[PDB]
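The form deposited without the DNA is given below as one chain in structure tokens.
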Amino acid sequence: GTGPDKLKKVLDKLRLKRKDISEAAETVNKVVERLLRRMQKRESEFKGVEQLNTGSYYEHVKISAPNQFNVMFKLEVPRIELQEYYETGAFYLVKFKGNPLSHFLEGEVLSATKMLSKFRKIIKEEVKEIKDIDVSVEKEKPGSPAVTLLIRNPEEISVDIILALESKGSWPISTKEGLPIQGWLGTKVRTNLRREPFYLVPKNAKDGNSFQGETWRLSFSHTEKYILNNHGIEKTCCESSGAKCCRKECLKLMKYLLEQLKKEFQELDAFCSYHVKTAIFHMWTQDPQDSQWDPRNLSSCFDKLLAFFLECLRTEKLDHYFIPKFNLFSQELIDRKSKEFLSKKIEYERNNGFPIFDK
């Protein structure tokens, strides 16, 4: 009946949804592994592709939609020269310092359009050879770089395949002051994480253009998975020989709150789960102690995350955790109107016992 007990009940409800999600993921993994084997056997620019096992499913925070999965295929690309397209670090053009990708160049710039067109062509050919699972490729949607598989098991599962370039060079200068984990996971962890590769994912800017179509966004999905699964100041946080915290529980509740609100109000189309993830990264930095995230504090921790998110909405400021000058809540990206509408809705739920969770 009480507020704290109701929030625990929501987490139970989310726990129950994970069984269908896990079962669907087994089918997705079967298909993805079959497709990757075919891609690794075929001679092409994409022969070196591998699954990057990142994203909400592998972070254990996929809370809904067992019929929709996102999968990343990484391709190592040596000697990438990056050019900032936005000096905030929001977008990059890829250039090079013979080139295996030389067929995808528009002058000196790597064409995401050309490279994705061949990627899609090959995936479509190889998926047709998968004879023992019912799987097809969804017709291409303009503005959507994903190559989407449709699996029927017998129910339909959609799998968005995202091509990600992997660079082993040092991280871009736009990330210099990002990943501010020094007081939480520490300086040794930060140094080790920044020695890992980084990824580039195709994404159109839509603006004055010229090179619209050929821009890429940075991706740190591997780092984010590491942080989600190694999220405590104590190394034993949430391990068998350690103490549970409520960090991931707060993430799941806030993701669910946003997902429920977005279902009801098309005014919220501009918001996405990555805004919640980015906000909770900042909150984990602000409140680094595991004791601040004791399971008994679930309700007060969720409330302080809501308060922090409301402050980001009010100030129209939510910095990308890895790229500090990239403001995800800029007036340019999300109307002041949309932020005020979401602030009103979150405040309502907060002061009335979260009726949208009852749905």
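So that there is no doubt, residue numbering starts at 1 and follows the sequence shown.
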Between residues given as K97 and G98, how many of the deposited sequence are not built: none, 1 to 3, 4 to 9, or 10 or more?
4 to 9
Test of understanding: from the entry's C-alpha B-factors, which stretch has the higher mean, 177-185 or 102-110?
102-110
Mean C-alpha B-factor comparison - 217-225 and 130-138, higher one:
130-138
Residue of maximum C-alpha B factor among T285, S158, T278, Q266, per deposited coordinates
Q266
Just the C-alpha B-factor column, please: which of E234, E125, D207, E166 has the biggest number?
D207
Within this chain's modelled residues, let me know which third the CA B factor of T148 belongs to: lowest, middle or highest.
lowest
For the chain shown, is the CA B-factor of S240 in the lowest, middle or highest third of its modelled residues?
highest
Among all modelled residues of this chain, ranked by Cα B factor, put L333 in the bottom, middle or top third, i.e. lowest, middle or highest.
highest
Give the position of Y199 by CA B-factor within its chain, expressed as the lowest, middle or highest third.
lowest
For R120, return the chain-relative third of its C-alpha B-factor as stated in the PDB record: lowest, middle or highest.
lowest
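One more form of this protein, solved in complex with the DNA, exists but is not displayed; see below.
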Contacting member of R120, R217, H282, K248, with respect to the DNA in the deposited bound form [4.5 Å, heavy atom]:
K248
With the DNA left out of view, choose which of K114, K262, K277, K225 has a non-hydrogen atom within 4.5 angstroms of it in the deposited bound form.
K225
So, in the deposited bound form, is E156 in contact with the DNA at a 4.5 angstroms heavy atom limit?
no
Given that the partner is absent here, does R195 sit within 4.5 Å of the DNA in the deposited bound form, heavy atoms only?
yes
Wondering, does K252 line up within 4.5 Å of the DNA in the deposited bound form on heavy atoms?
yes
Heavy atom of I21 within 4.5 Å of the DNA in the deposited bound form:
yes
Name the stretch, out of 180-188, 86-94, 263-271, 133-141, where some heavy atom lies within 4.5 Å of the DNA in the deposited bound form.
180-188
With the DNA taken in the deposited bound form, which residues across 285-322 come within 4.5 angstroms through any non-hydrogen atom?
none
